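Take a look at this single chain in structure tokens; it is the form deposited in one PDB entry.
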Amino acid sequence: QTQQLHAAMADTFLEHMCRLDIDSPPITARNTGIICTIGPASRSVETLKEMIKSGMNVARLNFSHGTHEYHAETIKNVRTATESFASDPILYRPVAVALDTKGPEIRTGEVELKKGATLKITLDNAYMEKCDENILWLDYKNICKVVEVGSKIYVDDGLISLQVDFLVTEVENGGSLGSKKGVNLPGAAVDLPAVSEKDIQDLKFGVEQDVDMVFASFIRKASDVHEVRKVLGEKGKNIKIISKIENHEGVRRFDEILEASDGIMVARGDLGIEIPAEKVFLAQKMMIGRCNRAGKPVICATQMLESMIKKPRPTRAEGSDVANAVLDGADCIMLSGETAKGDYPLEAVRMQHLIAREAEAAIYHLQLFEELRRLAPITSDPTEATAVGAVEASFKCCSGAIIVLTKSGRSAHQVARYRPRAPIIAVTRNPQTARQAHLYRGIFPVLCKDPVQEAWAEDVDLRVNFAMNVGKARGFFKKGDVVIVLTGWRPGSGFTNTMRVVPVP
């Protein structure tokens, strides 16, 4: 009757769908990470404390606008709000900090432009500030090499459409053309740098500010990721790089970007400008599918609950979109304007928590785990065999949680790629590991502050008891319930090889 368990048992996907019950309450735990873009409507400490209580797991800093002093104050407020709950480690919720780069752009130098008018695209810098309905200037000097006869040029976020030292185009879709407008070249392999000079400064600032992850704009190839990783350097070697896929090139060359990256962001907003909007769902389902196949985190972003910027309730499409991103297999869901500038940021966070939790119970785990189990490679890695063994055992006994002791998070990540129904309580002493764990579906990172015991067995048993107390206090399970515990054979990362099926004391 609870957690969609009747639909969980179904032999077919059709019968699974038929049994979905609105009167089958979900469990307490919400596995999907919620990333909130911080802005005017949420950057105070008082609002941030409420965002954390509502469900925020990651604070996203949009570096498209704002100064370094502005972003440092936002980060400072995020940490003050986060540490206001640090007195109780049993209830403490780690909150990660993410840096979203601006990236390279193509800008124009108000007229009207009509369907059928002739428009010449010039590169000569004399008409840099003399743009009109006959001549238009752009700052991307390599455009004629990347463009061809028939190619389309989009101006002002796809509001204007054109068709090809200079270019001769015909206006397909018109509108009011203003100044310093963004340009997009659908299907073109653009040679803009992986990181602009501003991106270099912003990435170095993120290292100084101790950020957990970087959402790298306009990633088109593996070498773009490699450039970001070099700018982060030794000091930022542990910062996760999430590559944003925003154009045809990034979609077509997805597999090399995924291998080079720590994770992926389906940047639907920019992707929907470059590619036909009716195709974005294909790119979303393809990338979520491949990231789940590779065990790499995937973020679904843009306009998930857009109407909540002005309204306290989302539309029916918006509720459906959050649910379907979770059903697809997205590790995280994102709020942009909804939390940055909207009138109901707290309501937006709470809505994402409610939909995500409902959706996680409606996942067809029976076929999901069979397929992941089948497509899993046969290897000699003991941690990989332990992790699959733990997820298999967690389904057999319907455990309250899978408790994992982890230093770097890898052990908890290896369990998360198998998509257990049971929450993964990852106990760590590393605060960055705790913050970064939010990028992986199903991980509840708990930061142990107790000092290291001299008897290693006692230190392990201490951390297992901490996970039991966290699970009991947070309503995940109670005394007598069955849980799975993962530990290793010696201290240090890389030794997780032990699985126990144990009752809660």
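One-based numbering along the sequence shown. Just so we're on the same page, rigid core means the largest C-alpha set that superposes within 1.5 Å between forms.
Over the set of other compared entries for this protein, does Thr406 lack coordinates in at least a third of them? No, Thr406 has coordinates in all the other entries compared.
Unmodelled in at least a third of other entries of this protein, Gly103: No: coordinates for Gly103 present in every compared entry.
With respect to the deposited sequence, is there a break between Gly337 and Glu338 in this entry, and if so is it 1 to 3, 4 to 9, or 10 or more residues, or none at all? The entry has no unmodelled residues between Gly337 and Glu338.
Using none, 1 to 3, 4 to 9 or 10 or more, say how many deposited residues go missing between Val164 and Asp165. Gap between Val164 and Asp165: 4 to 9 residues without coordinates.
Going by the B-factors listed in the PDB entry, is the mean over the C-alpha atoms higher for 232-240 or for 320-328? Mean C-alpha B-factor is greater for 232-240.
Using the B-factors recorded in the PDB entry, average over the C-alpha atoms of 214-222 and of 389-397, then report which stretch comes out higher. Averaging CA B-factors over each stretch, the winner is 214-222.
Peak C-alpha temperature factor (PDB record), options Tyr140, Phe281, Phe254, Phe369: Max CA B-factor in the entry, restricted to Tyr140, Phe281, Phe254, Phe369: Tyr140.
In this PDB entry, which of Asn173, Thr428, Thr383, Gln303 has the top CA B-factor? Among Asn173, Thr428, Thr383, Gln303, the PDB entry lists the largest C-alpha B-factor for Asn173.
Can you tell me whether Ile34 has a C-alpha B-factor in the lowest, middle or highest third compared with the other modelled residues of the same chain? It falls in the bottom third of the chain.
What third of the chain, by the recorded C-alpha B-factor, contains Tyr344? Its C-alpha B-factor belongs to the middle third of this chain's values.
C-alpha B factor of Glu133, ranked within the chain: lowest, middle or highest third? Highest third of the chain for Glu133's C-alpha B-factor.
Based on the entry's values, in what third of the chain does the Cα temperature factor of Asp199 lie: lowest, middle or highest? Highest third.
Within this chain's modelled residues, let me know which third the CA B factor of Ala455 belongs to: lowest, middle or highest. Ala455: CA B-factor falls in the highest third of its chain.
Not pictured, yet referred to below: the form deposited in another entry.
Superpose on the core and compare between this form and the one not shown; which one of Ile135, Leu327, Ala294, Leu368 crosses the 2 Å Cα shift mark? Everything else stays below 2 Å; the exception is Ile135.
A 3 angstroms or greater change in CA distance between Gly187 and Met287 is reported in the other form. Closer or farther than in this form? Relative to this form, farther apart in the other form.
Distance trend in the other form - C-alpha atoms of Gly187 and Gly289, change of 3 Å or more: Farther: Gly289 and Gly187 separate by 3 Å or more in the other form.
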